[PDB]
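This report concerns only the one structure given below.
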Amino acid sequence: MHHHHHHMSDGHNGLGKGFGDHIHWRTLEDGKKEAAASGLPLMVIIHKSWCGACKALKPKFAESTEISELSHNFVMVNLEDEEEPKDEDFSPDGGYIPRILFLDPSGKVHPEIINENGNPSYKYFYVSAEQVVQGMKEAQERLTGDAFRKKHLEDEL
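For the sequence shown, PDB author numbering begins at 1 and goes up steadily by one.
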(Lines of atoms letter the chains of each structure in order from A and count residues from 1; the text may use other names and numbers.)
(Lines give C-alpha, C1' and ligand atoms only; values in the text may rest on other atoms or scores of the structure.)
Protein backbone atom coordinates (compact mmCIF):
# COMPACT_ATOMS: atom_id res chain seq x y z
CA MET A 1 0.00 0.00 0.00
CA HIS A 2 1.26 3.46 -0.97
CA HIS A 3 -1.66 5.88 -0.68
CA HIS A 4 -4.68 4.78 -2.73
CA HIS A 5 -6.89 1.82 -1.81
CA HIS A 6 -7.94 -1.13 -3.96
CA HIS A 7 -10.83 -3.58 -3.54
CA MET A 8 -11.90 -5.35 -6.73
CA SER A 9 -11.62 -4.97 -10.50
CA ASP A 10 -14.13 -7.53 -11.79
CA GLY A 11 -13.26 -7.97 -15.46
CA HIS A 12 -10.27 -10.13 -16.36
CA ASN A 13 -9.58 -13.41 -14.56
CA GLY A 14 -8.58 -16.77 -16.00
CA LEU A 15 -8.65 -20.18 -14.32
CA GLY A 16 -9.15 -23.93 -14.65
CA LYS A 17 -11.04 -23.97 -17.94
CA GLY A 18 -8.80 -26.19 -20.06
CA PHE A 19 -8.30 -29.26 -17.87
CA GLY A 20 -11.46 -30.48 -16.19
CA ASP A 21 -14.14 -27.79 -15.83
CA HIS A 22 -15.10 -26.53 -12.36
CA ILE A 23 -12.77 -27.74 -9.60
CA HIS A 24 -9.54 -26.08 -8.38
CA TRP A 25 -10.75 -22.81 -9.82
CA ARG A 26 -14.35 -22.51 -8.66
CA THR A 27 -13.12 -19.13 -7.34
CA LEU A 28 -12.92 -17.69 -3.83
CA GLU A 29 -16.18 -15.88 -4.58
CA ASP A 30 -18.33 -19.02 -4.60
CA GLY A 31 -15.78 -21.05 -2.66
CA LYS A 32 -15.54 -18.65 0.28
CA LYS A 33 -19.24 -17.75 0.46
CA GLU A 34 -19.90 -21.50 0.63
CA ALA A 35 -16.78 -22.40 2.61
CA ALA A 36 -18.25 -20.41 5.50
CA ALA A 37 -21.52 -22.32 5.87
CA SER A 38 -20.58 -25.90 5.01
CA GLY A 39 -17.09 -25.21 6.33
CA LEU A 40 -14.66 -26.52 3.73
CA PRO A 41 -10.99 -25.56 3.04
CA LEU A 42 -9.62 -24.62 -0.37
CA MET A 43 -7.00 -26.02 -2.73
CA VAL A 44 -5.30 -23.07 -4.48
CA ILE A 45 -3.62 -24.61 -7.53
CA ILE A 46 -1.19 -22.24 -9.22
CA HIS A 47 1.02 -22.83 -12.23
CA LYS A 48 3.64 -20.60 -13.84
CA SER A 49 6.10 -20.99 -16.74
CA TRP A 50 5.54 -24.01 -18.99
CA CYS A 51 3.51 -25.82 -16.32
CA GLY A 52 2.92 -29.55 -16.68
CA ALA A 53 0.16 -29.89 -14.11
CA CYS A 54 -2.07 -28.12 -16.60
CA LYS A 55 -1.21 -30.12 -19.73
CA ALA A 56 -1.40 -33.52 -18.01
CA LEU A 57 -4.70 -32.64 -16.35
CA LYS A 58 -6.30 -31.81 -19.71
CA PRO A 59 -6.37 -35.45 -21.02
CA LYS A 60 -6.71 -37.15 -17.62
CA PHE A 61 -8.18 -34.47 -15.38
CA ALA A 62 -10.70 -34.12 -18.18
CA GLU A 63 -11.95 -37.20 -16.33
CA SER A 64 -12.76 -34.83 -13.49
CA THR A 65 -16.30 -34.94 -14.90
CA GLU A 66 -17.00 -36.78 -11.67
CA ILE A 67 -14.72 -34.41 -9.81
CA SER A 68 -17.10 -31.71 -11.04
CA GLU A 69 -19.68 -33.06 -8.61
CA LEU A 70 -17.22 -34.27 -5.98
CA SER A 71 -16.50 -30.58 -5.35
CA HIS A 72 -19.17 -30.89 -2.65
CA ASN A 73 -16.17 -31.84 -0.50
CA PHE A 74 -14.64 -28.36 -0.74
CA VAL A 75 -13.55 -25.67 -3.21
CA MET A 76 -10.25 -24.63 -4.76
CA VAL A 77 -8.76 -21.80 -6.80
CA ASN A 78 -6.42 -21.63 -9.78
CA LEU A 79 -4.35 -18.53 -10.52
CA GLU A 80 -1.54 -17.67 -12.93
CA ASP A 81 0.83 -14.84 -13.87
CA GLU A 82 -2.32 -12.85 -14.66
CA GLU A 83 -3.02 -12.48 -10.94
CA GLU A 84 0.15 -13.76 -9.27
CA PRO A 85 -0.10 -12.79 -5.56
CA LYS A 86 2.83 -11.49 -3.51
CA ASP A 87 3.33 -14.17 -0.86
CA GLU A 88 3.64 -17.90 -0.15
CA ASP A 89 0.16 -18.26 -1.70
CA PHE A 90 2.03 -19.33 -4.87
CA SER A 91 5.00 -21.13 -3.31
CA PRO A 92 5.33 -21.81 0.45
CA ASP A 93 7.60 -24.80 1.15
CA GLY A 94 9.40 -24.60 -2.18
CA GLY A 95 11.00 -22.43 -4.84
CA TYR A 96 9.22 -23.64 -7.98
CA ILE A 97 7.00 -21.32 -10.03
CA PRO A 98 3.89 -21.77 -9.12
CA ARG A 99 2.45 -25.08 -7.91
CA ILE A 100 -0.55 -26.52 -6.03
CA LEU A 101 -1.27 -25.12 -2.55
CA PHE A 102 -3.77 -26.31 0.05
CA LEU A 103 -5.00 -23.69 2.52
CA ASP A 104 -7.42 -22.92 5.34
CA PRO A 105 -11.09 -21.98 4.66
CA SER A 106 -10.75 -18.25 3.95
CA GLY A 107 -7.78 -18.05 1.63
CA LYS A 108 -4.79 -18.54 3.92
CA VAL A 109 -2.22 -20.62 2.02
CA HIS A 110 -0.03 -22.72 4.27
CA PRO A 111 2.53 -25.49 3.58
CA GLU A 112 0.39 -27.74 5.77
CA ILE A 113 -1.22 -29.73 2.96
CA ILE A 114 0.67 -30.94 -0.11
CA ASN A 115 0.49 -33.81 -2.60
CA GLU A 116 1.76 -36.80 -0.62
CA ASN A 117 1.32 -38.75 -3.86
CA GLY A 118 3.64 -36.33 -5.64
CA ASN A 119 7.40 -36.57 -6.13
CA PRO A 120 9.88 -36.84 -3.20
CA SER A 121 11.25 -33.37 -3.95
CA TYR A 122 8.29 -31.30 -5.08
CA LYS A 123 5.13 -32.39 -3.26
CA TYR A 124 2.93 -29.42 -4.22
CA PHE A 125 3.88 -30.25 -7.82
CA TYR A 126 0.97 -31.90 -9.61
CA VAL A 127 0.90 -33.96 -12.80
CA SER A 128 -2.21 -36.15 -12.80
CA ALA A 129 -5.84 -36.10 -11.67
CA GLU A 130 -5.37 -39.47 -9.97
CA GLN A 131 -3.35 -37.88 -7.19
CA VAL A 132 -5.15 -34.55 -6.94
CA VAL A 133 -8.27 -36.69 -6.54
CA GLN A 134 -6.84 -38.74 -3.65
CA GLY A 135 -5.66 -35.58 -1.98
CA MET A 136 -9.11 -34.21 -2.71
CA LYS A 137 -11.01 -37.17 -1.32
CA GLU A 138 -8.66 -37.22 1.69
CA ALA A 139 -7.96 -33.69 2.89
CA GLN A 140 -11.66 -33.09 2.29
CA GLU A 141 -12.34 -35.12 5.44
CA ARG A 142 -9.45 -34.03 7.66
CA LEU A 143 -8.61 -30.57 6.34
CA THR A 144 -12.28 -29.67 6.83
CA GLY A 145 -13.42 -28.76 10.33
CA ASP A 146 -9.88 -28.65 11.70
CA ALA A 147 -9.91 -32.45 11.62
CA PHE A 148 -6.37 -32.51 10.22
CA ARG A 149 -4.51 -30.93 13.13
CA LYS A 150 -3.89 -34.31 14.77
CA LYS A 151 -6.80 -34.11 17.22
CA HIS A 152 -6.65 -31.72 20.18
CA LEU A 153 -4.27 -29.05 21.49
CA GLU A 154 -4.54 -29.47 25.26
CA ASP A 155 -6.65 -30.83 28.12
CA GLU A 156 -4.69 -32.06 31.14
CA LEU A 157 -6.63 -34.50 33.32
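Quick reminder that beta carbons are idealized off the backbone N, C-alpha and C, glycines included.
When the options are compared against residue i, the one with the closest alpha-carbon
i: residue 94; options: 124, 4, 137, 55; result: 124
i: residue 99; options: 107, 88, 106; result: 88
i: residue 19; options: 127, 150, 142; result: 127
i: residue 145; options: 35, 114, 62, 3; result: 35
i: residue 130; options: 97, 119, 61, 10; result: 61
i: residue 37; options: 1, 105, 85; result: 105
Alpha carbon of residue i to alpha carbon of residue j, nearest angstrom
i: residue 91; j: residue 45; result: 10 Å
i: residue 53; j: residue 117; result: 14 Å
i: residue 26; j: residue 156; result: 42 Å
i: residue 15; j: residue 154; result: 41 Å
i: residue 148; j: residue 39; result: 14 Å
i: residue 96; j: residue 31; result: 26 Å
i: residue 141; j: residue 135; result: 10 Å
i: residue 107; j: residue 12; result: 20 Å
i: residue 3; j: residue 56; result: 43 Å
i: residue 150; j: residue 23; result: 27 Å
i: residue 8; j: residue 86; result: 16 Å
i: residue 83; j: residue 143; result: 26 Å
i: residue 51; j: residue 119; result: 15 Å
i: residue 112; j: residue 33; result: 23 Å
Cutoff 8 Å; reference residue i; Cβ partners in own chain excluding five residues on either side
i: residue 133; result: 64, 67, 70
i: residue 137; result: 70, 73
i: residue 58; result: 18, 19
Any non-hydrogen atom of the ligand MN within 6 Å of residue i CB
i: residue 125; result: Only the bare structure without any ligand can be found here, which leaves the ligand MN out of the picture.
Three-state secondary structure assigned by DSSP to residue i
i: residue 113; result: coil
i: residue 75; result: coil
i: residue 150; result: coil
i: residue 97; result: coil
i: residue 43; result: strand
i: residue 21; result: coil
Chain-order list of residues whose beta-carbon lies under 6 Å from that of residue i (same chain, five-residue window excluded)
i: residue 21; result: 68
i: residue 114; result: 123, 124
i: residue 103; result: 42, 44, 109, 110
i: residue 28; result: 77, 107
On the three-pair Cβ rule with 8 Å, is the region 27-47 touching the region 71-80? Here the region 27-47 lies against the region 71-80, with 3 or more beta-carbon pairs under 8 Å apart.
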